[PDB]
Amino acid sequence: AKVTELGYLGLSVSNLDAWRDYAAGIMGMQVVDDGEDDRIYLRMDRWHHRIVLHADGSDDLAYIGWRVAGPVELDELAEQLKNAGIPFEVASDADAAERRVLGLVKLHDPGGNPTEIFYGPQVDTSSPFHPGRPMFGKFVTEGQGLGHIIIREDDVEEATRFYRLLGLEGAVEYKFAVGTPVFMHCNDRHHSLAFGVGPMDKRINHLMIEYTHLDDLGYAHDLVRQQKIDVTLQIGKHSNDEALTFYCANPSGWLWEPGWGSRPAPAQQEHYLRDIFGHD
Amino acid sequence: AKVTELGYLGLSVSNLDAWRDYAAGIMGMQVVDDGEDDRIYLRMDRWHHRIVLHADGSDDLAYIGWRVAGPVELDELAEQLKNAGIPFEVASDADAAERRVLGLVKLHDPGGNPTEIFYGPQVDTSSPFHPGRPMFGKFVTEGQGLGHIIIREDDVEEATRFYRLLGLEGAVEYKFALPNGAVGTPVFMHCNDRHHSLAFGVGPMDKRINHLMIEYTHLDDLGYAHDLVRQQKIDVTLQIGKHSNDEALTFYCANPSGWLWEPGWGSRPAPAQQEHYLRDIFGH
Amino acid sequence: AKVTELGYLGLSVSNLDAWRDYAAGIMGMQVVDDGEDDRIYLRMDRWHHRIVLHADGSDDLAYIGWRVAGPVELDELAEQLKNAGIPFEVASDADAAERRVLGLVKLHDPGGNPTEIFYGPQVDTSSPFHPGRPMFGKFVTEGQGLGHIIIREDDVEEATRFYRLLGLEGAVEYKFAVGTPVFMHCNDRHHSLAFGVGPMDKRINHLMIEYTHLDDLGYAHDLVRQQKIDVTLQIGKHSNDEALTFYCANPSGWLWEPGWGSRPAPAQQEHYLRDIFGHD
Amino acid sequence: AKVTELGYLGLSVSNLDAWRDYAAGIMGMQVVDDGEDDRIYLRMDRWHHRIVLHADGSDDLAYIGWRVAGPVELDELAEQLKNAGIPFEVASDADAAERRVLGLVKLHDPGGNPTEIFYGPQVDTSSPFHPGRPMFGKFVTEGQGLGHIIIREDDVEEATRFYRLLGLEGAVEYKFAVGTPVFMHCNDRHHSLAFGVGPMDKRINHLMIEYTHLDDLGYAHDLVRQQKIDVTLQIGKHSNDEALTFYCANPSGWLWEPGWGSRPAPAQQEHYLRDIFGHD
Amino acid sequence: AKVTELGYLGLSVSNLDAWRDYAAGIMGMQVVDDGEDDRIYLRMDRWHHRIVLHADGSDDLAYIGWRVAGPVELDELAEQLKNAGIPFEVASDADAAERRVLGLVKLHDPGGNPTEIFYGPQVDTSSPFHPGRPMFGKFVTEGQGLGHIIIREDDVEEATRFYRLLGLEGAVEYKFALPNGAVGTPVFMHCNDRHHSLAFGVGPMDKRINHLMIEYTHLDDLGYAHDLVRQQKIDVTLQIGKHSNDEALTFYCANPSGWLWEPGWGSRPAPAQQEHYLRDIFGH
Amino acid sequence: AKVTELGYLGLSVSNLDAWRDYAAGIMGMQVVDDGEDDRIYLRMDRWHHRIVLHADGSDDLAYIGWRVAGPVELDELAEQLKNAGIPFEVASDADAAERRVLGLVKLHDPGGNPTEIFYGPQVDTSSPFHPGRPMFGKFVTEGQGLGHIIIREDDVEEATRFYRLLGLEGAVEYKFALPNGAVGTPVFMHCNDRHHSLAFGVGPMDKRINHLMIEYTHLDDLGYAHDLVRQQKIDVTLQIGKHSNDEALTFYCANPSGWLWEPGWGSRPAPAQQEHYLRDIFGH
Amino acid sequence: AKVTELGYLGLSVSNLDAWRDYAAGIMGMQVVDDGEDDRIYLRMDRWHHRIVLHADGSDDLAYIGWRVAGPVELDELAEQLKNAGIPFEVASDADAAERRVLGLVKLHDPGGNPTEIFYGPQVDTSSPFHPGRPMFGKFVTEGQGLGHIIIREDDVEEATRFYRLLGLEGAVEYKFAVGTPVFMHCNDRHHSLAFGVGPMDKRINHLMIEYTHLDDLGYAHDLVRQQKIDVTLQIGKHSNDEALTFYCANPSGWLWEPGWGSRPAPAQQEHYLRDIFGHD
Ligand SMILES: [Fe+3]
Ligand SMILES: [Fe+3]
Ligand SMILES: [Fe+3]
Ligand SMILES: [Fe+3]
Ligand SMILES: [Fe+3]
Ligand SMILES: [Fe+3]
Ligand SMILES: [Fe+3]
């Protein structure tokens, strides 16, 4: 059994309203507020949500959810963890219900990042995704997860071995003291996960989200320029994912990377020395 | 040169608010309001609009706009009308501006229905379609027009001839027995892949327009619309069903102007060749 | 080895003639009467039959037949049952011949439902399916079974484990005391089997049958309206199978669900809270 | 490891010239005579030959050759035979060279039929197949073998178990004392092998060969009528292979079944009670 | 019979070396030098060339060459020009040789822009395209011509009519407010799959040509070009963006003659039918 | 209405036996002998034949047969010839029988080459093509004709005009320097998917025909033919190579009548539009 | 784990300039000179290089690199070697960096040929392949390796067993004392490797490189004729790969075989007695 996608992210945020303007108003996500006093959701497709916003007054990552196919696969994965010596917790039904999933395992990666493994997300088929701003197209999520994240690790090699155990595949992809970021995938998305990018003040460095239509990235690019917001990396392409993407600050003080046209991971490992173009 | 699609409809209404709730809130169209005194717009795709709503107090059809490919084609059609001795007005640039088109000709069909032929609709490709209720998919319009309409014609043969001149094709599609032994023979006509764009010969009518069909790309949006209408007790005069001709899955129901909208899914193209039916397939 | 489809159903019925009018006259199945004094068959495609009508004077389920690929797979499955502690019976040749199959294993599921596992159904290739009323198209059966059934179970978890052992895959699909129906598949049909829907007076709740052509469902819908028969659920869509279907009473006092446009099961487990539209 | 196709047949024949008129002159096979004093070959495609004609004065089967993918697969298959208790002989290089193959295992099936297992047939790529009469099209052989054969067995069940060990798959396909012919396949050809058809005077009952073009079967049908030769079964279709074929006597006193439009074997076992049409 | 593509451009330049560095060194074109005194060539595909560079001292457009399918088609177009009372020169074999074509007619458009119509370009299929900087892919030209241009026209309606005669199709593509309440209505026209080959009506211009669009098959080549231009501080007058009409991803920037090149990727075809816009999609 | 393909060739030969060995034994054609005194046939596909061999003592081309779709089309072409004042003979049913066709017209091209136009060739669909040496594949002929030929024309422009009337399309395909400063401009023409069916303007010729190209579906048959020719020392006057125009892989070599056959593989279609070359791609 | 392609070759050469004229000037490869004093590279596609030219004054093979998918596969392959008794060396990071790979295992085949196994080649995505002469098309390398090589072995059977252990598949393909060349593949390229061709003065007999466009082979054929260079085998086709190729001398005194239109290896082993055409 292997994880199949990056299913959801929990975020700790200090300012819900600013996140509404940003994620729905600019990025085109749908705000879902089910009445809960301490959280709201962000929806990108059929699923009830892909991202949870916990208004706990912090501004960092709360948890990463990795999907598996069903209860049998969840059990096989739990057993693999037990055999590897890795502490985990089979969540109760009520804890799974909090996450809007049927079954859920909670644990941590070797960098201390809260990591969850689940099957059976809540899908709202009867209430179509309705974007928070006008969209030409949709988001790329089908079988591919919500996007990709760079997260903090203190032991790159331990993290890699942990993530291969979960089912992800990958290796170092750039050589840039030579530093060696590692990139990993579990489906057709080039990667869902990367680490070893150097010292980081927060648990998460960025999140790349992907549009089906190029016109939606331009629409977002222009809203960000009009709203006169911080751009860290300009429009361009990495050698690895070969996607067209830009990097801007979110209300939590880290980066979102809205994108278009990401390719699949090569079936065999490669490594690069530099990006294709842009990203200035 | 011929008409290529049913491009837009002008509607006279007496209650804008009801229309907004109906067309956007249930059907999923986008309300476009340009700050005009007397009118708002309904949008279904990239075009600035497909339906104009003139808040004038009446509840009927105001005008029907038929698209042609371009200026040369508009000239060619104008000359054909003149050579048929059909009167028409060459609209100026301000009349074309008012309709959001590049050029147009204004006229009447034999039944007195105000009829426009235009090229160059306004398309808002910077502001994508944003439906007025959540939608699963979109509207079927590309190269097919807004949908199909049923309109009043006192002279069926005169209307048939008028619309063959414009470039529409078709003929009688159904035969049915009337009370006195007569035979009703409604005429259905198309100008593109859409089974038909136009019909008439369905008998006496108190308004110029009887119904409008609009088509969803996704059945679940038809399902959704149906559900809100049941939630809000609107008159579905004809239940879910298939006509023999268009072989579409549709339900008929009442709009705020007192006539019928027929939301539908899965319309088939107009056959290569003319055929007719005595009855429909199922439902309705 | 795994079961590949829901191959056949045996029904106990009190009124054969009424079943002829219903299943052939309305639904478009073919009545096959081979001279046997206590039964007649219903045929939907190439197979000799998909359903057996036993005129024993009862009005419920008699047996469920699950197909396997051949004698080797039947043996591997019998061995899996022996290893699990589940009593079974390898039918004799004459018992297999009664069912019109080459090899047959008889047993019961944990709810006490008679369950059969077979290979090699009788197929009448030289006598084409001829519908009991005029049909635009056909039934959807190829590699997909005859349709799907909701059956009674007293132990939802035991039933699930039993059915996974047989080769089916699935889980809970709706949360609606929270009740949790389970749905299962063994091929491209969304599901062949569901249970845990609540208390049931009979062994079987319904049977969904599927038309290739939409026009055939309308034809049946209209015959049911003309014959002024009981409709329990109106035309609509479940979130899970995303099929267009209606629910009406059969002469045995349970439901048939004639349908159109059922999709495959998602490759990974999901759960819903409500249907898409209709089914009032 | 499994056998992949029915690769070649060795025949013992009493009259080479009559076989030339028949197989090349009517059927459109190519006569290959490499100078050997006791044999000539029949070629149907790229291979040097598909059939060997041994002029030993007998009129029956000499051997059946089953192809495997290479030397590794040949070894795995030899090992499976050793483990099953089945005597075999690894042919020497010179014995393999006689057969025009690189590696060859000789043995017998439970009915005593000489059976060979080989890899690496001689292919004459530089000398295109040239038919013995004018042909519209070609023969169907690619990845499918030369055709199919009914052979004699005294123990139907032993033969089946032997043939499954070799890699073939199948079961009984007709019920017609009820007799139960077994049909087996190892590729896209409906079957390569059948037995249990009742008492037979010879080792082989027939050989079906298949044309790509319908017009070639008609051409052969007409030559057979003009030459006023024996027809046993008229043009028609079996329920199982669903091919269009006729049955005529060859100069050895058994049947050839020239054919067209044979379908693949169903992915799951079926059984019939009668043919579709024809074969009178 | 009609023009089929924008085949070549003749350019007057004052500095060959700068052009070589710009067109080849950055854009990826191949410099072709045939040992002529006064001119070199720029190549983008199998054709001997798409752009001629006459080192005469001026910095402007010299001529525009439009392709037709063959000799019969050239005759047919010649007769149409004559029947319209438009003057033209039938070039001799040496004039055709100079242009690397089999036949041609020379003339002027209403704005005085030297205009040629030809069949039979020279194609060097023994010496494949070899770009002047490493390229990921190639240029989009097949049956689409070199790209599209914006040129000076004092009389927009006269030019429109002139180019409909040649066989191009199109009309006004945008409307925008001018200072005095006027409406600018630029005309965009096509003769093949390329959205447009030609535009004008964009206002006063000091040179005959305003810009040229060239299209890469691969985005990474657009990316590459963009990067070298940033490395060499050339004026990108308009940043990465999409026009509503061609829906292409392009950036505008200055060439050594003082006007604009617009390298681009992913242009869409010209719609079956005329439509217009009030604004563009994004960027620029 | 136009010619659709080069249908057949009539050849005068002085040695049948050599031809049989060459055309069948090496090229893979089928010899068809109908028991006629004076002639045998060469077959390449379903047609009774593509080449007639008249054993009359001369070694040259006898006639060229061009196919049209049917009788109406033959009439239309006949009337076009008459309206051009080109003389022709309407063949009777026995003349059509002799050619194995349903109808035909007989005439001359400007260079005196006997020229026939026919519909309805005889097709032997009961006796499939059986090649005269083992073949891997077949000949390319469907809707493309037998191949292409080079023929003698004293007046290139007159011939061009003659063949545009018949319905062939094309123009000059190459330019090359002659000794005296002149320019040779051979004309290549097509009437279907085959790059060309016909060429001329290659200079002085002692026979009416210079070469014939035939095309194999499979390269291995080209390879096979090449090998037998090397085994039998026939003159391959031009080695394996690609022309710029047809972009085919072919080798030229001598037949028993003293002129050239060019067996080939992988010919490309004639481009949508006319283009020309100064040289060829490789080899030859 | 198996090797996936013939990734790179190291060559020892006496004359760098002559190799530049040959490989770039004629063949259309790109010369990459990164400043190193003892070597330059030849590039054929995205990779930094496919061939290394070591100017050590010798004129033969230096090493053969076989690609594997990643570090896990490299480990599984290293373990297979340890289990087989075959000495190997896990290269250090700096040794892998010298080769422009992320991980590297060094060893020898049974003929003494230096053999390397690596994952993660350096790819220069931001600097497109730019040919050393004008090219119509490109080289065929994607998932197929750089081409194929005939190398020297003293023990044909040992070499075969060694190469099957690495993941390659194959056997004897020609019978021509009967000699028996062996051909092997690990992807869609007919073969990457062949040996047993008879006595050889050098470690490598030839290298076949493949063009996507036929016109590029003709362009090279003509440059070789104009430069009036040695041709050993004329244009033609082998029965096995069915490619169109010619054989000419390189500045190191062995053969390059520029080619076009090579087919995949047959899924099952064959053997031939002669080539199709040409190669005189
Ligand atoms: Fe990223
Ligand atoms: Fe309607
Ligand atoms: Fe159901
Ligand atoms: Fe048979
Ligand atoms: Fe532009
Ligand atoms: Fe030629
Ligand atoms: Fe080779």
# chains A, B, ... in the order shown; residues from 1 in each chain; ligands from 1

call {"tool": "residues_around", "arguments": {"residues": "residue B:223", "least_positions_apart": "5", "cutoff": "12 Å", "atoms": "only C-alpha atoms", "output": "PyMOL selection string"}}
result
(chain A and resi 126-127) or (chain B and resi 26-27+135-137+216-218+228-230+240+249-251+263-265) or (chain C and resi 234-238+242-244+275-279)

call {"tool": "residues_around", "arguments": {"residues": "residue A:108", "least_positions_apart": "6", "cutoff": "10 Å", "atoms": "only C-alpha atoms", "output": "ChimeraX atom specification"}}
result
/A:63-64,86-88,114-116,162

call {"tool": "closest_residue", "arguments": {"among": "B:213, B:52, B:270, B:102", "to": "ligand 2", "atoms": "only C-alpha atoms and all ligand atoms"}}
result
B:213

call {"tool": "residues_near_ligand", "arguments": {"ligand": "ligand 7", "cutoff": "12 Å", "atoms": "only C-alpha atoms and all ligand atoms", "output": "PyMOL selection string"}}
result
chain G and resi 147-151+181-184+189-195+197+204-210+233+236-248+255-260+262+275+279

call {"tool": "interface_residues", "arguments": {"of": "chain E", "to": "chain B", "cutoff": "7 Å", "atoms": "only C-alpha atoms", "output": "list in words"}}
result
residues 244, 273, 274, 275, 276, 277, 280 and 281 of chain E

call {"tool": "write_last_selection", "arguments": {"atoms": "C-alpha atoms", "output": "short mmCIF file (atom, residue, chain, number, x, y, z; two decimals), in the first residue's frame"}}
result
data_model
loop_
_atom_site.label_atom_id
_atom_site.label_comp_id
_atom_site.auth_asym_id
_atom_site.auth_seq_id
_atom_site.Cartn_x
_atom_site.Cartn_y
_atom_site.Cartn_z
CA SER E 244 -8.45 39.04 -26.15
CA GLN E 273 -17.03 34.24 -37.04
CA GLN E 274 -16.40 37.89 -36.32
CA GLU E 275 -16.56 39.11 -32.72
CA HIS E 276 -15.18 42.18 -30.91
CA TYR E 277 -13.83 43.16 -27.47
CA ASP E 280 -7.67 42.50 -23.36
CA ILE E 281 -7.36 39.40 -21.11
#

call {"tool": "residues_near_ligand", "arguments": {"ligand": "ligand 2", "cutoff": "10 Å", "atoms": "only C-alpha atoms and all ligand atoms", "output": "PyMOL selection string"}}
result
chain B and resi 147-150+188+195-199+210-214+243+245-246+248+250-252+260-264

call {"tool": "select_by_dssp", "arguments": {"residues": "stretch 31-241 of chain G", "states": "strand (DSSP E or B)", "output": "PyMOL selection string"}}
result
chain G and resi 31-32+39-43+47+51-54+60-67+89-90+103-108+114-119+122-123+139+148-151+169-172+174+182-185+193-195+204-211+231-237

call {"tool": "residues_around", "arguments": {"residues": "residue C:33", "least_positions_apart": "6", "cutoff": "12 Å", "atoms": "only C-alpha atoms", "output": "PyMOL selection string"}}
result
chain C and resi 16+20+39-43+48-49+52-54

call {"tool": "write_last_selection", "arguments": {"atoms": "N, CA and C atoms", "output": "tab-separated table (two decimals), in the first residue's frame"}}
result
chain	number	residue	atom	x	y	z
C	16	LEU	N	-46.10	-16.05	-11.04
C	16	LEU	CA	-45.33	-16.06	-12.30
C	16	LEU	C	-45.89	-15.16	-13.41
C	20	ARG	N	-44.26	-12.04	-15.40
C	20	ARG	CA	-44.07	-11.99	-16.86
C	20	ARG	C	-44.46	-10.62	-17.43
C	39	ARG	N	-40.33	-23.40	-12.28
C	39	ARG	CA	-39.51	-22.23	-12.54
C	39	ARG	C	-39.57	-21.79	-13.99
C	40	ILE	N	-39.28	-20.50	-14.18
C	40	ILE	CA	-39.03	-19.92	-15.49
C	40	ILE	C	-37.86	-18.95	-15.32
C	41	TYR	N	-37.32	-18.48	-16.44
C	41	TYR	CA	-36.11	-17.66	-16.38
C	41	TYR	C	-36.37	-16.28	-16.97
C	42	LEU	N	-35.51	-15.34	-16.60
C	42	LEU	CA	-35.50	-14.06	-17.23
C	42	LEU	C	-34.12	-13.84	-17.83
C	43	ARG	N	-34.11	-13.44	-19.09
C	43	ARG	CA	-32.89	-13.29	-19.86
C	43	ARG	C	-32.72	-11.82	-20.24
C	48	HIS	N	-28.06	-17.69	-21.16
C	48	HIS	CA	-29.34	-18.35	-21.04
C	48	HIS	C	-30.33	-17.56	-20.16
C	49	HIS	N	-29.87	-17.05	-19.01
C	49	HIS	CA	-30.68	-16.25	-18.09
C	49	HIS	C	-29.76	-15.47	-17.15
C	52	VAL	N	-33.59	-16.30	-12.14
C	52	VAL	CA	-34.42	-17.50	-12.08
C	52	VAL	C	-35.64	-17.16	-11.23
C	53	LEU	N	-36.83	-17.49	-11.72
C	53	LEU	CA	-38.05	-17.30	-10.94
C	53	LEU	C	-38.62	-18.63	-10.46
C	54	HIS	N	-38.49	-18.87	-9.18
C	54	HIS	CA	-38.94	-20.09	-8.58
C	54	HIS	C	-40.32	-19.85	-8.04

call {"tool": "closest_residue", "arguments": {"among": "D:274, D:263, D:100, D:164", "to": "residue D:8", "atoms": "only C-alpha atoms"}}
result
D:100

call {"tool": "interface_residues", "arguments": {"of": "chain D", "to": "chain C", "cutoff": "6 Å", "atoms": "only C-alpha atoms", "output": "VMD selection string"}}
result
chain D and resid 239 268 to 272 276

call {"tool": "write_last_selection", "arguments": {"atoms": "N, CA and C atoms", "output": "PDB file, in the first residue's frame"}}
result
ATOM      1  N   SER D 239     -20.328 -21.486 -31.880  1.00  0.00           N
ATOM      2  CA  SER D 239     -20.648 -20.523 -30.827  1.00  0.00           C
ATOM      3  C   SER D 239     -19.410 -19.951 -30.133  1.00  0.00           C
ATOM      4  N   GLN D 268     -13.432 -14.657 -19.475  1.00  0.00           N
ATOM      5  CA  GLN D 268     -13.983 -15.588 -18.499  1.00  0.00           C
ATOM      6  C   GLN D 268     -14.692 -16.734 -19.206  1.00  0.00           C
ATOM      7  N   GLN D 269     -14.555 -17.933 -18.638  1.00  0.00           N
ATOM      8  CA  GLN D 269     -15.159 -19.170 -19.163  1.00  0.00           C
ATOM      9  C   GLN D 269     -16.679 -19.131 -19.387  1.00  0.00           C
ATOM     10  N   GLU D 270     -17.094 -19.686 -20.521  1.00  0.00           N
ATOM     11  CA  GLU D 270     -18.495 -19.851 -20.901  1.00  0.00           C
ATOM     12  C   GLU D 270     -18.694 -21.290 -21.381  1.00  0.00           C
ATOM     13  N   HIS D 271     -19.943 -21.716 -21.518  1.00  0.00           N
ATOM     14  CA  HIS D 271     -20.249 -22.969 -22.211  1.00  0.00           C
ATOM     15  C   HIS D 271     -21.546 -22.848 -23.022  1.00  0.00           C
ATOM     16  N   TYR D 272     -21.574 -23.548 -24.148  1.00  0.00           N
ATOM     17  CA  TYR D 272     -22.655 -23.469 -25.117  1.00  0.00           C
ATOM     18  C   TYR D 272     -23.308 -24.849 -25.202  1.00  0.00           C
ATOM     19  N   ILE D 276     -23.678 -21.573 -33.816  1.00  0.00           N
ATOM     20  CA  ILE D 276     -24.499 -20.435 -34.232  1.00  0.00           C
ATOM     21  C   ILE D 276     -25.299 -20.765 -35.498  1.00  0.00           C
TER      22      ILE D 276
END

call {"tool": "interface_residues", "arguments": {"of": "chain B", "to": "chain C", "cutoff": "8 Å", "atoms": "only C-alpha atoms", "output": "count of residues only"}}
result
9

call {"tool": "residues_around", "arguments": {"residues": "residue G:165", "least_positions_apart": "6", "cutoff": "10 Å", "atoms": "only C-alpha atoms", "output": "list in words"}}
result
residues 1, 2, 3, 77, 80, 81, 84 and 159 of chain G

call {"tool": "residues_around", "arguments": {"residues": "residue C:202", "least_positions_apart": "4", "cutoff": "12 Å", "atoms": "only C-alpha atoms", "output": "JSON list (two decimals) with N, CA, C and O atoms, in the first residue's frame"}}
result
[["chain", "number", "residue", "atom", "x", "y", "z"],
["C", 11, "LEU", "N", -34.91, -15.95, -7.49],
["C", 11, "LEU", "CA", -35.99, -15.32, -6.76],
["C", 11, "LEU", "C", -37.07, -16.36, -6.43],
["C", 11, "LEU", "O", -37.34, -17.24, -7.25],
["C", 12, "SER", "N", -37.64, -16.28, -5.23],
["C", 12, "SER", "CA", -38.86, -17.02, -4.88],
["C", 12, "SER", "C", -40.05, -16.09, -5.06],
["C", 12, "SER", "O", -40.10, -15.05, -4.42],
["C", 58, "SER", "N", -43.27, -18.10, -2.25],
["C", 58, "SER", "CA", -42.69, -17.08, -1.38],
["C", 58, "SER", "C", -42.38, -15.85, -2.21],
["C", 58, "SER", "O", -42.48, -15.90, -3.43],
["C", 59, "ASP", "N", -42.05, -14.73, -1.57],
["C", 59, "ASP", "CA", -41.73, -13.51, -2.32],
["C", 59, "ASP", "C", -40.48, -12.81, -1.80],
["C", 59, "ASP", "O", -40.56, -11.72, -1.22],
["C", 60, "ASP", "N", -39.32, -13.43, -2.04],
["C", 60, "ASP", "CA", -38.04, -12.92, -1.53],
["C", 60, "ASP", "C", -36.89, -13.49, -2.36],
["C", 60, "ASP", "O", -37.09, -14.10, -3.42],
["C", 61, "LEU", "N", -35.67, -13.29, -1.87],
["C", 61, "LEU", "CA", -34.47, -13.78, -2.51],
["C", 61, "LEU", "C", -34.27, -15.27, -2.25],
["C", 61, "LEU", "O", -34.48, -15.74, -1.13],
["C", 62, "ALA", "N", -33.88, -16.01, -3.28],
["C", 62, "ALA", "CA", -33.53, -17.42, -3.10],
["C", 62, "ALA", "C", -32.02, -17.64, -3.06],
["C", 62, "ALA", "O", -31.54, -18.39, -2.20],
["C", 111, "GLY", "N", -24.92, -12.70, 6.99],
["C", 111, "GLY", "CA", -26.32, -12.37, 7.22],
["C", 111, "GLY", "C", -27.28, -13.51, 6.91],
["C", 111, "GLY", "O", -28.49, -13.37, 7.05],
["C", 113, "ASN", "N", -27.66, -14.96, 3.93],
["C", 113, "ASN", "CA", -28.09, -14.95, 2.53],
["C", 113, "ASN", "C", -27.40, -16.06, 1.71],
["C", 113, "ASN", "O", -26.18, -16.14, 1.70],
["C", 150, "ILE", "N", -29.24, -4.23, -3.00],
["C", 150, "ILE", "CA", -29.07, -4.00, -1.58],
["C", 150, "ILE", "C", -29.66, -5.20, -0.83],
["C", 150, "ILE", "O", -30.83, -5.55, -1.01],
["C", 151, "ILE", "N", -28.84, -5.83, -0.01],
["C", 151, "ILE", "CA", -29.28, -6.99, 0.74],
["C", 151, "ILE", "C", -29.17, -6.76, 2.26],
["C", 151, "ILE", "O", -28.45, -5.87, 2.72],
["C", 152, "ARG", "N", -29.90, -7.57, 3.02],
["C", 152, "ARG", "CA", -29.94, -7.46, 4.48],
["C", 152, "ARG", "C", -28.72, -8.11, 5.12],
["C", 152, "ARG", "O", -28.30, -9.20, 4.73],
["C", 153, "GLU", "N", -28.16, -7.42, 6.11],
["C", 153, "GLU", "CA", -27.10, -7.93, 6.97],
["C", 153, "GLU", "C", -27.38, -7.46, 8.40],
["C", 153, "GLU", "O", -27.85, -6.35, 8.61],
["C", 198, "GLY", "N", -30.24, -0.16, 7.06],
["C", 198, "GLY", "CA", -31.20, -0.13, 8.17],
["C", 198, "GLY", "C", -32.06, -1.38, 8.14],
["C", 198, "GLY", "O", -31.85, -2.24, 7.29],
["C", 206, "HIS", "N", -33.64, -3.86, -3.10],
["C", 206, "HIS", "CA", -33.87, -3.57, -4.49],
["C", 206, "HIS", "C", -32.85, -4.19, -5.44],
["C", 206, "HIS", "O", -31.86, -4.80, -5.01],
["C", 252, "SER", "N", -43.43, -8.84, -6.33],
["C", 252, "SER", "CA", -43.03, -9.51, -5.08],
["C", 252, "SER", "C", -43.03, -8.56, -3.89],
["C", 252, "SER", "O", -42.68, -8.96, -2.79],
["C", 253, "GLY", "N", -43.39, -7.30, -4.11],
["C", 253, "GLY", "CA", -43.51, -6.34, -3.02],
["C", 253, "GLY", "C", -42.21, -5.65, -2.61],
["C", 253, "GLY", "O", -42.17, -4.97, -1.59],
["C", 254, "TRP", "N", -41.15, -5.83, -3.39],
["C", 254, "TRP", "CA", -39.94, -4.99, -3.25],
["C", 254, "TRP", "C", -39.62, -4.20, -4.51],
["C", 254, "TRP", "O", -40.37, -4.24, -5.49],
["C", 255, "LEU", "N", -38.51, -3.47, -4.49],
["C", 255, "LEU", "CA", -38.23, -2.48, -5.52],
["C", 255, "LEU", "C", -37.31, -2.94, -6.63],
["C", 255, "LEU", "O", -36.34, -3.66, -6.40]]

call {"tool": "select_by_dssp", "arguments": {"residues": "stretch 1-225 of chain E", "states": "helix (DSSP H, G or I)", "output": "PyMOL selection string"}}
result
chain E and resi 16-24+71-82+93-98+156-166+219-225

call {"tool": "residues_around", "arguments": {"residues": "residue G:93", "least_positions_apart": "2", "cutoff": "9 Å", "atoms": "only C-alpha atoms", "output": "VMD selection string"}}
result
chain G and resid 91 95 to 98 101 to 104

call {"tool": "residues_around", "arguments": {"residues": "residue C:25", "least_positions_apart": "6", "cutoff": "12 Å", "atoms": "only C-alpha atoms", "output": "PyMOL selection string"}}
result
chain C and resi 17-19+31+42+131-135+219-220+223-224+227

call {"tool": "atom_distance", "arguments": {"atom1": "atom CA of residue B:117", "atom2": "atom CA of residue B:20"}}
result
27.0 Å

call {"tool": "closest_residue", "arguments": {"among": "B:173, B:247, B:235, B:157", "to": "residue B:111", "atoms": "only C-alpha atoms"}}
result
B:157
